[PDB]
Amino acid sequence: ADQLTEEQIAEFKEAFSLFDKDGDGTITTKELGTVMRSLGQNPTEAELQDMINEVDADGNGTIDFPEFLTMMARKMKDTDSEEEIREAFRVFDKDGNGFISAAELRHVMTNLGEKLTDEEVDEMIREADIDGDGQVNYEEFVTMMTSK
Ligand SMILES: [Ca+2]
Ligand SMILES: [Ca+2]
Ligand SMILES: [Ca+2]
Ligand SMILES: [Ca+2]
């Protein structure tokens with residue numbers, strides 16, 4: 001739950017404003033409706049309905065300021081922890097071809113401080129290669145390097 005300042009909470013009302021088109025202080029499936037549709041995204045009832053269920057802590061069918069601010073924040077950390085392990089893959093992927101070779105891990109690992117034989121890097125790879133392509137994708141990465 002929030003600690004945040006008022007500079008923090010105010011960017012939050014502004015936010016909570018673009019959604020609350022009638023200015024009543026809550027957000028409806030129809031107001032969510034309409035926003036998803038500005039931003040070129042034409043959804044269906046279920047999705048909307050599911051998107052609200054989601055944020056609707058207390059189930060009156062609506063979302064007030066506080067339930068939004070929770071989510072908004074929770075999903076704030078997360079957009080960060082995302083990118084966090086995205087910058088990471090970014091150095092590890094020296095060629096940023098998309099996937100990380102074994103030779104690249106070794107380059108890094110030794111670009112930093114440890115000296116592995118190929119064997120020991122390949123052994124690194126395999127453990128983290130789920131699509132068994134021999135390389136390491138954001139996906140396998142992060143399945144790994146977060147967890148491990
Ligand atoms: Ca409203
Ligand atoms: Ca609610
Ligand atoms: Ca690469
Ligand atoms: Ca792979």
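Counting convention: from 1, in listed order, for ligands and their atoms alike. Residue numbers start at 1 and run along the sequence shown.
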Exercise. Which atom, among the N/O/S set of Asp133, is closest to the Ca ion (ligand 4)?
Worked result: OD1
Problem set entry | same_hphob_cluster(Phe92, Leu112) at 4.5 Å side-chain heavy-atom cutoff | yes
Exercise. Vertex the Ca ion (ligand 1): angle to OD1 of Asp24 and OE2 of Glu31, to 10°?
Worked result: 150°
Exercise. Regarding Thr44 and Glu47, is there a side-chain donor-to-acceptor distance under 3.5 Å anywhere?
Worked result: yes
For this session: Taking the Ca ion (ligand 1) as the reference point, name the nearest N/O/S atom of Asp20.
Result: OD1
Exercise. So which of the N, O or S atoms of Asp56 lies nearest the Ca ion (ligand 2)?
Worked result: OD1
Problem set entry | At the Ca ion (ligand 2): angle between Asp58 atom OD1 and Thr62 atom O, to 10 degrees | 160°
Exercise. Of all the N, O or S atoms in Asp131, which one sits nearest to the Ca ion (ligand 4)?
Worked result: OD1
Exercise. The Ca ion (ligand 4) is nearest to which N, O or S atom of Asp129?
Worked result: OD1
Exercise. Which atoms form the tightest heavy-atom contact between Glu31 and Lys21, and what is the distance?
Worked result: OE2-N, 3.9 Å
Exercise. Taking 3.0 Å as the cut-off, does an N/O/S atom of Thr26 lie below it from the Ca ion (ligand 2)?
Worked result: no
Exercise. Does one side chain, of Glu104 or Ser101, offer a donor that lies under 3.5 Å from an acceptor on the other?
Worked result: yes
Exercise. Distance-only, no hydrogens or angles: does the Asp56 side chain make a donor-acceptor pair with backbone N or O of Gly61 under 3.5 Å?
Worked result: yes
Exercise. Has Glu140 got an N, O or S atom lying less than 3.0 Å from the Ca ion (ligand 4)?
Worked result: yes
Problem set entry | Test: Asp129 and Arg126 ion pair at under 4.0 Å | no
Exercise. With hydrophobic residues grouped by side-chain heavy-atom distances under 4.5 Å, do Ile63 and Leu48 end up in a single group?
Worked result: yes
Exercise. Between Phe19 and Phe68, does the ring centroid distance fall short of 6.0 Å?
Worked result: yes
Problem set entry | Any N, O or S atom of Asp64 closer than 3.0 Å to the Ca ion (ligand 2) | no
For this session: Confirm or rule out an N/O/S atom of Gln135, from backbone or side chain, lying less than 3.0 Å from the Ca ion (ligand 4).
Result: yes
For this session: Would you name the N/O/S atom of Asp22 that lies closest to the Ca ion (ligand 1)?
Result: OD1
